[PDB]
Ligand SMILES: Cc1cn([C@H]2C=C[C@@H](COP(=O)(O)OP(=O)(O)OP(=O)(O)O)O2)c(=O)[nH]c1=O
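Only one chain is shown below, in structure tokens, and it's the form deposited without the ligand.
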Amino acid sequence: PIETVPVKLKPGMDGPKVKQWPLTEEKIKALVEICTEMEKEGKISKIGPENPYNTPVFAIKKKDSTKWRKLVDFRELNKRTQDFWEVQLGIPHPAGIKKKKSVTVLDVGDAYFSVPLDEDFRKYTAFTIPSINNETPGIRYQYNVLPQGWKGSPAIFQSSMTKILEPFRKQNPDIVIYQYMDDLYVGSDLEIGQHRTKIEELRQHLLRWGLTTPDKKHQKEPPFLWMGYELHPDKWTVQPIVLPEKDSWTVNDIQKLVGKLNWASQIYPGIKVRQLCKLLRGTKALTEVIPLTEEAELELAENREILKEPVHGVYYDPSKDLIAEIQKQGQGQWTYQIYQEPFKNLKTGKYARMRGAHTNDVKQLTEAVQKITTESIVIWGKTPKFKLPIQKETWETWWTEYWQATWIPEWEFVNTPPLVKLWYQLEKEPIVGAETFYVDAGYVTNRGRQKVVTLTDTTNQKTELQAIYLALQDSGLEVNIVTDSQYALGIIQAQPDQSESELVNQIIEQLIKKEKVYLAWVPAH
């Protein structure tokens, strides 16, 4: 009994005109009973031959029930129907919700069928029920409400829905509602009974609009296994995950395992999959079998142990501040956890993202802070005070001297090894009394020294780094190195401390070893 939403077909398009599949007399019977049931309920109505449009219908029974069910294939109509505002793909994360005293799930029965369809649009929803006898033709109808499976259906519905609640809502600032598809989660802090009572109030508010809902005795009870998590009104966790105890693992198995493991990491700290992931290298078939390594099985067992003991996330307490803490779990790995009260976790997580072929902890660390911030703003519309294993001086140093602009919010140094530091720094001016190496796969020094080495299967870019490596190698604790390679200059000036290029890493090693190193660039010819 609510405002109907105005619809239109995509521009320059006519309604769908597609032939009805030849049905069975058996199915024709069922359909007529259903469409009649429906026409007396107003959702559909017979139409004149005026209408030339048509959409295929068919009969399928209920699942595990020996009862017929009408289905309408709206693919074509939907191909022609205008687009709508997005049925939000945005899903709330548990760590962002606040505890309630009680909560309730209200399943909306006959959702779509409780809402009207733009009258000027109904015609397009035409379909036919074939006759059993030849020159005794079959029934033409059209939809008056919202057909399941239609484009707008979910959108329009979800909309009206909110419009309806808006009222109730306003006169119940106390209560909290969240609508998801056909369910309505409703929690409050009302004492047991008062809560149960207000639900009905609501249940009625909806009733006034023909919105049928389940009674107390038929409603679902906490916890609520919501896409990945179990939701009690005051605590949460993830969907119970036990690790198989196989002795033979297939590529696919491992993939599935890693995926699962990943999921869990958002809450279960210390979950690691580096070794298991390693198992994929060179694999040739989703059904190939890979034996476990001592580090892989160790890891498996260690994760298996971690999962054994269940954990439960806490809810958002907006009155408190949210603290985010980060740790370097391994080369390239970072773990973090956010909380308002010590160890009382809202959410946890890892960060392995490597942006660029070469990086340093500082750059990497920073990138993680960013990730976190983004998340926060999204789940809580606020950013956390960070706890970081690095000292300002360190940060500031790198910062100030990096070519790209950057920014980190309020953060506090936490002395929690391993601390992130800079393993080396390029001198900012030439070193007096330090041998000067001129490179181009070979070098020459001011002291007569030289070596023109041999490199095979080496790329242009790779030949340049080599020379420099060489230079570092034969030189003493202080070196000045002159090169024409802007590339290398770049790579190194960024003072990376990890790279997935083996050569680099070596050089990096050299650098850390030296007392003072100066790198300079000069043109080619």
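From 1 onward, residues are counted along the sequence shown.
What comes next is about the form deposited with the ligand bound, which is not displayed.
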The listed residue (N345, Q194, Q148, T397) that reaches within 4.5 Å of the ligand in the bound PDB entry by any heavy atom is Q148
The listed residue (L455, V378, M181, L280) that reaches within 4.5 Å of the ligand in the bound PDB entry by any heavy atom is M181
**Message:** Is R69 near the ligand? Define near as a heavy atom within 4.5 Å, in the bound PDB entry.
**Reply:** yes
Taking heavy atoms and a 4.5 Å cut-off, does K46 contact the ligand in the bound PDB entry?
no
Exercise for the section: Would you check, heavy atoms only and a 4.5 Å threshold, whether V108 touches the ligand in the bound PDB entry? Expected result: yes
In the bound PDB entry, does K428 come within 4.5 Å of the ligand, counting heavy atoms only? no
At 4.5 Å by heavy atoms, is each residue in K62, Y112 and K217 next to the ligand in the bound PDB entry? yes
Only one of 181-189, 400-408, 267-275, 420-428 has residues with a heavy atom within 4.5 Å of the ligand in the bound PDB entry, and that stretch is 181-189
